[PDB]
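Q: once you've seen the sequence and the experimental structure below, I've got questions.
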Amino acid sequence: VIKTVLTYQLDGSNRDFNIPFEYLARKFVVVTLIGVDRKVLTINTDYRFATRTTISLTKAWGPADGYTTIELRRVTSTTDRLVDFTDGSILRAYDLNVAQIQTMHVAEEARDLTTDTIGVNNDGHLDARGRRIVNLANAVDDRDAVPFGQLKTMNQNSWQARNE
Amino acid sequence: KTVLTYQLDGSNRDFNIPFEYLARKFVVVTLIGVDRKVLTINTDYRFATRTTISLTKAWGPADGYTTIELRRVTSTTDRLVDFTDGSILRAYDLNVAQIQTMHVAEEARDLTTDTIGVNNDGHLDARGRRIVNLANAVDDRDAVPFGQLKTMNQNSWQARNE
Amino acid sequence: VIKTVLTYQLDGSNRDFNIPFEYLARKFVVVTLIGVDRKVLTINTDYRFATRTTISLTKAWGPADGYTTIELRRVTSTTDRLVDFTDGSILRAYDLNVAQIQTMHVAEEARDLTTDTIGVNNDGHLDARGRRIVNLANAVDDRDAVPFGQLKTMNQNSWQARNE
């Protein structure tokens, strides 16, 4: 019910932001300014956790700089798992809880990401929202595809056929 | 697998549940007819037997609803297993925790594949649809909209019509 | 963003490609030469793990064979567990580590598949991941996408028209 993307609005001078979701480590919260391009931001110079679930921006970051949204995302690192059971440890239940929480967080981040990929139009048609598809195989064993190179070549073919 | 729809077929009561669910609340049933509406538990459903749900009312197409659903929604904020120090650490708890996480992962997988998804031959399944919104293509491998083509062989398709 | 699916351009006579993703078992690593069609190799007959994190193809497999990229991929069997806890077991640390690793890896696979379908890539453009839209599709509005069959008809009708 709680997503992990939270595309916000810069709307000029607004330095505070909220985190509806919950995270394990500070590093798992990734915030990238959005606009003409996307840029990741660092800690102690762009972020500051004023309080749990409160990101503070050091610079005003209005649209003048060329950005429109913040998109607070949660990304739990997989390689850097929080807990690694050792041979001589005591096996506190806290370790098991932390591990299970981390895996659940990764899965939840997965469901939210798929709703953050290609959308579908209300009428039942795929919608690219003004984007352009790229690097799609120009294989035409079937009757349908949509690459650009063979389009150009067969455009040349049809054009010279007409010129005939 | 997780998402399975059934045609109402006028009057019917029972419907099989293919997938596995750790808790009753996870199974979600929606009347996807004129509008997709959920139904409450122990009011419109009565489960009945593991792997089977029971509807209290017929709910035929004449009632305004054509199809139902058995989507699984495993909770991500509530954990069926919550380990504590003062416990015998039953293995079934360990297995249940892992299975719950895998179930959430499968939910994500099927939700992604709900829209355009890969084919058995590693191909995108548009499923007889068209990409209504598509920006201009300016690369060799890009997907060309219809206007850009209108500024190409379309001219030729008319220049040869005369 | 994807970390468990890497695509390397074959480049004629090359055979070594590293595996940055951590695979629990060899059988969970699949290599699929992408070309005119996707081909799947086998262990000890087409390629071998020269050592951990690297695979040596037996043959060059360059573009001359119609395949351009290798696209080695990770897939962890969700149904089959590498570690299953029993009642009278001994609970080795390795067992807990393996269970947690497998769960986290399947979550990674979920995220990878989330991004595999057409979605925003690093450059910010919907990416076909070198794959081909295959079953049906037709154009109607000038702003929509075009199937290949429509263009084929547009060309062949013009050709036969000229042929009169």
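A: Cool, got the structure. Residues are numbered from 1 along each chain as shown, chains lettered A, B, ... in the order given.

Q: partners of residue A:126 in the sheet?
A: Beta-bridge partners recorded for residue A:126 (DSSP bridges): residue A:120, residue B:131.

Q: list the contacts of it.
A: Residues in contact with residue A:126 (C-beta atoms under 8 Å, 6 or more residues apart in numbering or on different chains) are A:118-120, B:115-116, B:126, B:129-132. Every residue, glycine included, has its C-beta placed from N, CA and C.

Q: and which of those residues is nearest to chain C?
A: residue B:131 (3.8 Å; C-beta to the nearest C-beta).

Q: contacts only, for residue A:132.
A: Here residue A:132 is in contact with B:134-139, B:142-143, C:125-126 (C-beta under 8 Å, 6+ apart).

Q: for burial, what's the neighbour tally of residue A:76?
A: By other C-beta atoms under 10 Å in any protein chain shown, the residues close to residue A:76 number 25.

Q: buried residues in stretch A:4-17?
A: Using 16 or more other C-beta atoms under 10 Å in any protein chain shown as the burial criterion, the residues of stretch A:4-17 that qualify are A:4, A:6, A:8, A:10, A:17.

Q: equivalent analysis for stretch A:65-75, please.
A: In stretch A:65-75, counting by 16+ other C-beta under 10 Å, buried: A:67-75.

Q: hmm, residue A:17 is touching residue A:51, no?
A: No - applying C-beta atoms under 8 Å as the test, residue A:17 and residue A:51 come out as separate, 11.7 Å apart.

Q: mutual contacts of the two, please.
A: With C-beta under 8 Å, 6+ apart, residue A:17 and residue A:51 have no common neighbours.

Q: who are the contact partners of residue A:40?
A: So residue A:40 contacts A:30-32 (C-beta under 8 Å, 6+ apart).

Q: most neighbours, which of the residues you listed?
A: So for these (other C-beta under 10 Å), the most neighbours sit at residue A:31, 20 neighbours.

Q: OK, contacts around that residue?
A: So residue A:31 contacts A:17, A:40-41, A:46-47, A:55, A:70-73 (C-beta under 8 Å, 6+ apart).

Q: show me which pair in the residues you listed is furthest apart.
A: Using C-beta to C-beta, the two most remote members of these are A:17 and A:40, lying 15.4 Å apart.

Q: count the residues that sit near residue A:94.
A: Count around residue A:94 with other C-beta under 10 Å applied: 12.

Q: likewise residue A:95?
A: 19.

Q: does it touch residue A:83 like I think?
A: Yes - counting by C-beta under 8 Å, residue A:95 does reach residue A:83; the two are 4.6 Å apart.

Q: so who does residue A:109 touch?
A: Here residue A:109 is in contact with A:4, A:74-76, C:111 (C-beta under 8 Å, 6+ apart).

Q: and for residue A:8?
A: A:17, A:69-72.

Q: of these, closest to chain B?
A: residue A:72 (18.0 Å).

Q: that closest one is in contact with residue A:29, isn't it?
A: Yes - Residue A:72 is within contact range of residue A:29, at 6.8 Å (criterion: C-beta under 8 Å).

Q: what's the neighbour count on residue A:27?
A: 12.

Q: how near is it to chain B?
A: 21 Å (C-beta to the nearest C-beta, to the nearest Å).

Q: wait, that residue touches residue A:77, no?
A: Yes - Residue A:27 lies in contact with residue A:77 (C-beta under 8 Å); the separation is 7.0 Å.

Q: find the pair from the buried residues of stretch A:4-17 with maximum spatial separation.
A: That would be A:4 and A:10, which, of the buried residues of stretch A:4-17, are the farthest apart (C-beta to C-beta) at 19.7 Å.

Q: for residue A:106, what are its contacts?
A: By C-beta under 8 Å, 6+ apart, the neighbours of residue A:106 are A:76, A:78, C:104, C:107-108, C:110-111.

Q: typo on my end, residue A:81
A: A:99, A:102, C:100-101, C:104.

Q: go again using 10 Å as the cut-off
A: A:98-99, A:102-103, A:106, C:97, C:100-101, C:104 (C-beta atoms under 10 Å, 6 or more residues apart in numbering or on different chains).

Q: identify, from those residues, the entry nearest to chain B.
A: For the contacts of residue A:81, the nearest to chain B is residue A:103 (4.6 Å; C-beta to the nearest C-beta).
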